[PDB]
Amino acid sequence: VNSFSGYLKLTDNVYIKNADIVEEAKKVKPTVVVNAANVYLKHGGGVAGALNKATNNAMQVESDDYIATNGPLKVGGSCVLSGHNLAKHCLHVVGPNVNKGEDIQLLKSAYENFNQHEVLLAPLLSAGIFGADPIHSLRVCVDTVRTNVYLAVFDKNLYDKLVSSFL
């Protein structure tokens, strides 16, 4: 049992809610919140910009140290950093960015990172400003993630379309 509330069950292990991931995280304080990261951990926009702002830029400061020590992530890759005031941990996952010409086939590899965590609060990878089709991202999520994933979709119109088109 966990405290996630108001989710619709899509499959045994995938749940979805029309919610602001920042507010979900602040309320639930999950063990893991997923960030829609880029390889440089530059949290400027989309989900990353929102999560970082909610940490008053502490996520960015921590990320800058991570990059100085380790260098960039790979597309499809991830790292675990602090969740600050949002969660115990933040799993920074890099989905392909179609607006950078990156190969959407790497989306499955990106979602595989979720399987290293028994429970996650997450956005749909490669959606929003990353340019991929969110319906396809949800399909890959369902077909890749085996651990328990609670998806937060802020945009109500998109949420409704994701539910109504789910196979």
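So that there is no doubt, residue numbering starts at 1 and follows the sequence shown.
When the C-alpha B-factors of 134 to 142 and 100 to 108 are averaged, 100 to 108 comes out higher.
Legend: mean Cα B-factor per stretch from the PDB entry, 22 to 30 versus 112 to 120; the higher mean is in 22 to 30. In the deposited entry, the Cα temperature factor of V75 places it in the middle third of its chain's modelled residues. The entry lists a Cα temperature factor for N13 that places it in the middle third of the chain's modelled residues. The PDB entry assigns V153 a C-alpha temperature factor belonging to the middle third of its chain's modelled residues. Looking at the C-alpha B-factors along this chain, the one for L86 belongs to the highest third.
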